[PDB]
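A.B. asks: Sequence first, structure after, both from an experimental entry:
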Amino acid sequence: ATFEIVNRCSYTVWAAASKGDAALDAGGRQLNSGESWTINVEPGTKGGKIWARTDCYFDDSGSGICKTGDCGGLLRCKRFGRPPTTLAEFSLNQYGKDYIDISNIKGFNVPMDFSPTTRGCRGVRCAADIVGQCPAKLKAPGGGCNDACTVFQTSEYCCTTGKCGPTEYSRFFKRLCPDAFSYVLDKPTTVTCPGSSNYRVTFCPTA
């Protein structure tokens, strides 16, 4: 499957793509404002994620640090990134269907649109100013708006027992971005697409 990753933000982001135990394609790349990065993702990929990282510094060898979404200090992410990270999530070719969603379960750093470039389903978007509106206790100093599980590490926010409800914090994310997951047991906002669809992830879609 083809993913076009487009940075419409006025600032540079370092895109990342991983399935948790391996990079997807090159795994990461700098995207200046306006740049597009096309990656190929193996059919059948389960649990892939794409996110943006902000305020990164890397050396010759691709080692460094980012203020949001750092994946163990690598340019080319092999693992998932450190919150806060708005997440484009996808599982491809699952019994003939693709499943895509946007998630705020790991917080929010960059607004995002996640849309098919082929026929048969709709896209999803979280483009509200979540960082500007972020509750004081969830603000990340590096930038971004943390989720409550990351901040407070309770069974209720992290849904560790498999039973949990919405919270004042999850409702904040949900109020600004109804089409994104706001906590683990949120009513699913997953979109079902035809198997082997292609996609575009746009950072700052309303920029």
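C.D. replies: Nice, thanks for sending it over. Residues are numbered from 1 along each chain as shown.

A.B. asks: mind listing the strands in the protein by residue range?
C.D. replies: 2-7, 13-18, 23-31, 36-40, 48-58, 64-68, 87-94, 97-103, 112-116, 124-126, 180-181, 191-194, 199-203 (DSSP state E).

A.B. asks: Go through those strands and pick out the most buried.
C.D. replies: Compared across the strands of the chain, strand 13-18 shows the largest average neighbour count, a mean of 26 (mean count of other C-beta atoms under 10 Å). C-betas here are computed from N, CA, C, even on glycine.

A.B. asks: contacting residues around the spatially closest residue to residue 77 that is not a sequence neighbour?
C.D. replies: Closest residue to residue 77 apart from its sequence neighbours, by C-beta to C-beta, 6 or more residues apart in numbering: residue 71 at 3.6 Å. By C-beta atoms under 8 Å, 6 or more residues apart in numbering, the residues touching residue 71 are 16, 18, 28, 53, 77-82.

A.B. asks: give me phi/psi at residue 71?
C.D. replies: Taking degrees, to the nearest 10, you get phi -110, psi 70 for the backbone angles of residue 71.

A.B. asks: what about the closest residue to residue 33 other than its chain neighbours, neighbour count?
C.D. replies: Using C-beta to C-beta, 6+ apart and skipping residues adjacent in sequence, the residue nearest residue 33 is residue 10, 5.4 Å away. Other residues lying near residue 10 total 9 when counted by other C-beta atoms under 10 Å.

A.B. asks: next one: residue 182
C.D. replies: Neighbours of residue 182 (other C-beta under 10 Å): 26.

A.B. asks: Quick check: it vs residue 19, distance?
C.D. replies: 23 Å (C-beta to C-beta, to the nearest Å).

A.B. asks: can you redo the strands of the chain as TSV with distance to residue 169?
C.D. replies: Shown next, in TSV, are the strands of the chain (distance: least, C-beta to C-beta, whole Å):
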stretch	distance to residue 169
strand 2-7	28
strand 13-18	25
strand 23-31	29
strand 36-40	32
strand 48-58	20
strand 64-68	18
strand 87-94	17
strand 97-103	15
strand 112-116	20
strand 124-126	16
strand 180-181	13
strand 191-194	25
strand 199-203	24
